[PDB]
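S.K.: What follows is a structure written as C-alpha coordinates; I'll ask about it next.
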Amino acid sequence: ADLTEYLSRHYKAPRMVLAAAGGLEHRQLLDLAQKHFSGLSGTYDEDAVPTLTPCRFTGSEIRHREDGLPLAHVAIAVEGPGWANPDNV
Amino acid sequence: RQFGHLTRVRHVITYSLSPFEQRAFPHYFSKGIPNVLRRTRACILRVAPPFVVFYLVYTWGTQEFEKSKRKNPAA
(Lines give C-alpha, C1' and ligand atoms only; values in the text may rest on other atoms or scores of the structure.)
Protein backbone atom coordinates (compact mmCIF):
# COMPACT_ATOMS: atom_id res chain seq x y z
CA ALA A 1 0.00 0.00 0.00
CA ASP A 2 2.68 2.52 0.97
CA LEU A 3 4.79 1.66 -2.05
CA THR A 4 1.66 2.08 -4.18
CA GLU A 5 1.04 5.53 -2.73
CA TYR A 6 4.70 6.50 -3.16
CA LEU A 7 4.70 5.34 -6.80
CA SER A 8 1.48 7.18 -7.54
CA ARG A 9 2.50 10.32 -5.71
CA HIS A 10 5.99 10.92 -7.08
CA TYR A 11 6.66 9.07 -10.35
CA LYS A 12 4.64 11.59 -12.29
CA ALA A 13 5.12 13.08 -15.72
CA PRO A 14 5.88 16.82 -15.18
CA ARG A 15 8.75 16.11 -12.79
CA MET A 16 10.59 13.52 -14.87
CA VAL A 17 13.20 14.23 -17.49
CA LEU A 18 14.20 11.87 -20.31
CA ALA A 19 17.84 12.66 -21.02
CA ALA A 20 19.99 10.96 -23.64
CA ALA A 21 23.47 11.54 -24.98
CA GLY A 22 25.50 9.95 -27.73
CA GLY A 23 25.11 8.94 -31.34
CA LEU A 24 21.41 9.71 -31.66
CA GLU A 25 19.15 12.36 -33.15
CA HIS A 26 16.80 14.67 -31.27
CA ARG A 27 14.21 13.91 -33.94
CA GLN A 28 14.53 10.21 -33.18
CA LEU A 29 14.43 10.60 -29.41
CA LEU A 30 11.42 12.93 -29.64
CA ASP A 31 9.75 10.31 -31.85
CA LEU A 32 10.48 7.46 -29.46
CA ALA A 33 9.47 9.50 -26.41
CA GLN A 34 6.18 10.32 -28.10
CA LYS A 35 5.68 6.66 -28.96
CA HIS A 36 6.41 5.36 -25.45
CA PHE A 37 6.23 7.92 -22.64
CA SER A 38 2.97 9.48 -23.84
CA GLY A 39 0.01 8.68 -21.63
CA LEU A 40 2.25 8.04 -18.63
CA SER A 41 0.84 10.34 -15.91
CA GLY A 42 0.34 14.02 -15.14
CA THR A 43 -2.50 14.34 -12.62
CA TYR A 44 -2.08 13.95 -8.87
CA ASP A 45 -4.44 11.75 -6.91
CA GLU A 46 -6.30 13.88 -4.38
CA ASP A 47 -4.49 17.15 -5.15
CA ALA A 48 -1.73 15.99 -2.79
CA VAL A 49 1.22 17.92 -4.21
CA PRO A 50 4.53 17.65 -2.34
CA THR A 51 6.48 20.87 -2.00
CA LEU A 52 9.94 21.81 -0.73
CA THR A 53 9.60 23.77 2.39
CA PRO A 54 12.91 25.44 3.30
CA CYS A 55 15.05 23.73 5.90
CA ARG A 56 17.13 24.91 8.83
CA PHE A 57 20.88 24.49 9.10
CA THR A 58 20.92 24.08 12.87
CA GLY A 59 24.59 23.83 13.68
CA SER A 60 25.59 21.35 16.34
CA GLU A 61 27.74 18.31 16.89
CA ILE A 62 27.52 14.58 17.35
CA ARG A 63 30.45 12.45 18.36
CA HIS A 64 30.22 8.69 18.23
CA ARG A 65 32.95 7.38 20.46
CA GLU A 66 33.97 3.85 19.49
CA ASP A 67 37.61 3.24 20.44
CA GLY A 68 37.80 -0.19 18.82
CA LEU A 69 38.70 1.30 15.43
CA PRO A 70 42.09 2.00 13.87
CA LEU A 71 41.35 5.46 12.44
CA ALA A 72 39.13 8.40 13.30
CA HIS A 73 36.69 10.05 10.91
CA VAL A 74 35.91 13.75 11.23
CA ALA A 75 33.58 15.94 9.22
CA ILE A 76 32.92 19.62 9.77
CA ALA A 77 30.40 21.52 7.70
CA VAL A 78 28.94 25.00 7.36
CA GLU A 79 26.01 26.80 5.66
CA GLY A 80 24.48 26.02 2.29
CA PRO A 81 24.80 28.28 -0.73
CA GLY A 82 22.00 26.64 -2.70
CA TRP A 83 22.20 26.49 -6.48
CA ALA A 84 21.28 29.74 -8.17
CA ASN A 85 23.72 32.32 -6.82
CA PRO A 86 27.24 32.86 -8.26
CA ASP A 87 28.42 32.24 -4.72
CA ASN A 88 28.33 28.61 -5.90
CA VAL A 89 31.06 29.52 -8.39
CA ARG B 1 48.59 12.61 31.94
CA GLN B 2 47.82 14.54 28.79
CA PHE B 3 44.68 14.26 26.71
CA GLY B 4 44.19 11.17 24.57
CA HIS B 5 45.49 8.08 26.40
CA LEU B 6 42.81 8.10 29.06
CA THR B 7 40.56 5.09 28.49
CA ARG B 8 38.87 2.85 25.93
CA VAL B 9 35.20 3.69 25.25
CA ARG B 10 32.81 2.15 22.72
CA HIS B 11 29.05 2.37 22.29
CA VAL B 12 28.69 6.07 23.23
CA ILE B 13 27.05 8.88 21.27
CA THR B 14 27.15 12.45 22.56
CA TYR B 15 24.76 15.01 21.07
CA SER B 16 25.07 18.72 21.74
CA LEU B 17 23.86 21.97 20.24
CA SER B 18 25.46 25.33 19.50
CA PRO B 19 25.76 27.82 22.36
CA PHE B 20 24.12 30.49 20.24
CA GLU B 21 20.85 28.83 19.35
CA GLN B 22 19.77 27.52 22.72
CA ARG B 23 18.88 30.42 24.94
CA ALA B 24 20.86 31.90 27.80
CA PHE B 25 18.58 31.03 30.73
CA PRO B 26 16.17 28.18 29.98
CA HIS B 27 13.28 28.45 32.48
CA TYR B 28 15.36 29.88 35.28
CA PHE B 29 12.30 30.62 37.44
CA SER B 30 10.37 27.43 36.67
CA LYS B 31 13.03 24.80 37.22
CA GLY B 32 15.79 26.30 39.33
CA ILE B 33 13.77 27.20 42.42
CA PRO B 34 12.14 23.74 42.77
CA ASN B 35 15.58 22.33 42.00
CA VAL B 36 17.22 24.24 44.85
CA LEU B 37 14.30 23.27 47.07
CA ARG B 38 15.07 19.62 46.36
CA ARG B 39 18.76 20.32 47.04
CA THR B 40 17.92 21.98 50.35
CA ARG B 41 15.61 19.16 51.43
CA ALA B 42 18.33 16.65 50.59
CA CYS B 43 20.91 18.28 52.86
CA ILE B 44 19.53 20.06 55.92
CA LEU B 45 18.80 16.84 57.80
CA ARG B 46 22.54 16.18 57.61
CA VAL B 47 23.77 19.78 58.03
CA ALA B 48 21.32 21.73 60.21
CA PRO B 49 21.03 19.72 63.53
CA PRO B 50 24.62 20.46 64.66
CA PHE B 51 24.28 24.21 64.20
CA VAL B 52 21.21 24.50 66.40
CA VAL B 53 23.25 22.66 69.03
CA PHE B 54 25.87 25.38 68.65
CA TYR B 55 23.21 28.09 68.95
CA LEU B 56 21.96 26.54 72.19
CA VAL B 57 25.56 26.40 73.46
CA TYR B 58 26.01 30.10 72.63
CA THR B 59 22.84 31.13 74.47
CA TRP B 60 23.78 28.94 77.43
CA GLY B 61 27.30 30.35 77.56
CA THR B 62 26.29 34.01 77.59
CA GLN B 63 23.45 33.35 80.05
CA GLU B 64 25.57 31.40 82.54
CA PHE B 65 28.36 33.98 82.22
CA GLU B 66 26.02 36.75 83.34
CA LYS B 67 24.48 34.60 86.07
CA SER B 68 27.91 33.79 87.51
CA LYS B 69 28.63 37.50 87.24
CA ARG B 70 25.58 38.49 89.32
CA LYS B 71 25.83 37.76 93.03
CA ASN B 72 22.85 38.71 95.30
CA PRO B 73 23.59 38.39 99.03
CA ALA B 74 21.21 39.92 101.60
CA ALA B 75 22.33 41.52 104.88
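Letters A, B, ... mark the chains of the C-alpha coordinates in the order given; residue numbers begin at 1 per chain; ligand numbers begin at 1, in order shown.
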Would you kindly report the residues of chain A within 8 Å of chain B, using only C-alpha atoms, as a list in words?

M.R.: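 The selection requested is residues 59, 60, 61, 62, 63, 64, 65, 66, 67 and 68 of chain A.
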
S.K.: Run DSSP on the backbone and grab whatever in chain B lands in strand (DSSP E or B); send it over as a PyMOL selection string.

M.R.: chain B and resi 12-17

S.K.: Among chain B, which residues carry a DSSP assignment of alpha helix (DSSP H), reported as a PyMOL selection string?

M.R.: chain B and resi 32-41+44-69

S.K.: Using N, CA and C atoms, can you export the residues from the last selection as a short mmCIF file (atom, residue, chain, number, x, y, z; two decimals), in the first residue's frame?

M.R.:
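result_31.cif was written with the following content:
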data_model
loop_
_atom_site.label_atom_id
_atom_site.label_comp_id
_atom_site.auth_asym_id
_atom_site.auth_seq_id
_atom_site.Cartn_x
_atom_site.Cartn_y
_atom_site.Cartn_z
N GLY B 32 14.67 26.14 38.42
CA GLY B 32 15.79 26.30 39.33
C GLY B 32 15.36 26.41 40.78
N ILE B 33 14.24 27.06 41.04
CA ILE B 33 13.77 27.20 42.42
C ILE B 33 13.17 25.91 42.98
N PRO B 34 12.40 25.09 42.24
CA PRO B 34 12.14 23.74 42.77
C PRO B 34 13.37 22.86 42.81
N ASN B 35 14.36 23.12 41.95
CA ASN B 35 15.58 22.33 42.00
C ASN B 35 16.37 22.63 43.27
N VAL B 36 16.50 23.91 43.63
CA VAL B 36 17.22 24.24 44.85
C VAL B 36 16.39 23.88 46.07
N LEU B 37 15.07 23.81 45.95
CA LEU B 37 14.30 23.27 47.07
C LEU B 37 14.58 21.79 47.27
N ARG B 38 14.74 21.03 46.19
CA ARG B 38 15.07 19.62 46.36
C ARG B 38 16.48 19.46 46.92
N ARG B 39 17.40 20.33 46.49
CA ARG B 39 18.76 20.32 47.04
C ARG B 39 18.76 20.63 48.52
N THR B 40 17.96 21.60 48.94
CA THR B 40 17.92 21.98 50.35
C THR B 40 17.30 20.88 51.19
N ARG B 41 16.22 20.26 50.70
CA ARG B 41 15.61 19.16 51.43
C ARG B 41 16.48 17.91 51.45
N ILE B 44 19.61 19.41 54.62
CA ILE B 44 19.53 20.06 55.92
C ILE B 44 19.31 19.08 57.05
N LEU B 45 18.81 17.87 56.77
CA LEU B 45 18.80 16.84 57.80
C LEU B 45 20.20 16.38 58.17
N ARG B 46 21.18 16.57 57.30
CA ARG B 46 22.54 16.18 57.61
C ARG B 46 23.45 17.36 57.89
N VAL B 47 22.97 18.59 57.77
CA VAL B 47 23.77 19.78 58.03
C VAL B 47 23.22 20.59 59.20
N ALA B 48 21.92 20.86 59.20
CA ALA B 48 21.32 21.73 60.21
C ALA B 48 21.40 21.29 61.67
N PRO B 49 21.14 20.03 62.07
CA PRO B 49 21.03 19.72 63.53
C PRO B 49 22.29 19.95 64.36
N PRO B 50 23.52 19.95 63.81
CA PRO B 50 24.62 20.46 64.66
C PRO B 50 24.58 21.96 64.93
N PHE B 51 24.14 22.78 63.99
CA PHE B 51 24.28 24.21 64.20
C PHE B 51 23.26 24.75 65.20
N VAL B 52 22.11 24.09 65.33
CA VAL B 52 21.21 24.50 66.40
C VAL B 52 21.76 24.09 67.75
N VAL B 53 22.54 23.01 67.81
CA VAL B 53 23.25 22.66 69.03
C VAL B 53 24.26 23.73 69.39
N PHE B 54 24.96 24.27 68.39
CA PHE B 54 25.87 25.38 68.65
C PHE B 54 25.13 26.63 69.11
N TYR B 55 23.95 26.90 68.55
CA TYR B 55 23.21 28.09 68.95
C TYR B 55 22.73 27.98 70.40
N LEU B 56 22.30 26.78 70.80
CA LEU B 56 21.96 26.54 72.19
C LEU B 56 23.17 26.72 73.10
N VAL B 57 24.34 26.24 72.67
CA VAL B 57 25.56 26.40 73.46
C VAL B 57 25.91 27.88 73.62
N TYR B 58 25.71 28.67 72.57
CA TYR B 58 26.01 30.10 72.63
C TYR B 58 25.09 30.82 73.61
N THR B 59 23.79 30.54 73.53
CA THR B 59 22.84 31.13 74.47
C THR B 59 23.15 30.72 75.90
N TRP B 60 23.48 29.44 76.10
CA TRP B 60 23.78 28.94 77.43
C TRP B 60 25.05 29.57 77.98
N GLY B 61 26.04 29.79 77.11
CA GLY B 61 27.30 30.35 77.56
C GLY B 61 27.15 31.79 78.01
N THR B 62 26.49 32.61 77.20
CA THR B 62 26.29 34.01 77.59
C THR B 62 25.40 34.13 78.83
N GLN B 63 24.36 33.29 78.91
CA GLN B 63 23.45 33.35 80.05
C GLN B 63 24.14 32.94 81.35
N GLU B 64 24.90 31.84 81.33
CA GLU B 64 25.57 31.40 82.54
C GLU B 64 26.72 32.32 82.91
N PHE B 65 27.34 32.98 81.93
CA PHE B 65 28.36 33.98 82.22
C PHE B 65 27.77 35.13 83.02
N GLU B 66 26.63 35.66 82.58
CA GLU B 66 26.02 36.75 83.34
C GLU B 66 25.48 36.30 84.69
N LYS B 67 24.99 35.06 84.78
CA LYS B 67 24.48 34.60 86.07
C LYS B 67 25.60 34.34 87.07
N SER B 68 26.77 33.88 86.61
CA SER B 68 27.91 33.79 87.51
C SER B 68 28.51 35.16 87.79
N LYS B 69 28.22 36.14 86.94
CA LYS B 69 28.63 37.50 87.24
C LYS B 69 27.79 38.10 88.36
#

S.K.: For residue 17 (chain A), which residue out of A:77, A:1, A:33, A:55 is the nearest one, using only C-alpha atoms?

M.R.: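 Selected residue with least distance to residue 17 (chain A): A:33.
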
S.K.: Please report the interatomic distance between CA of residue 30 (chain A) and CA of residue 42 (chain A) in Å with one decimal.

M.R.: 18.3 Å
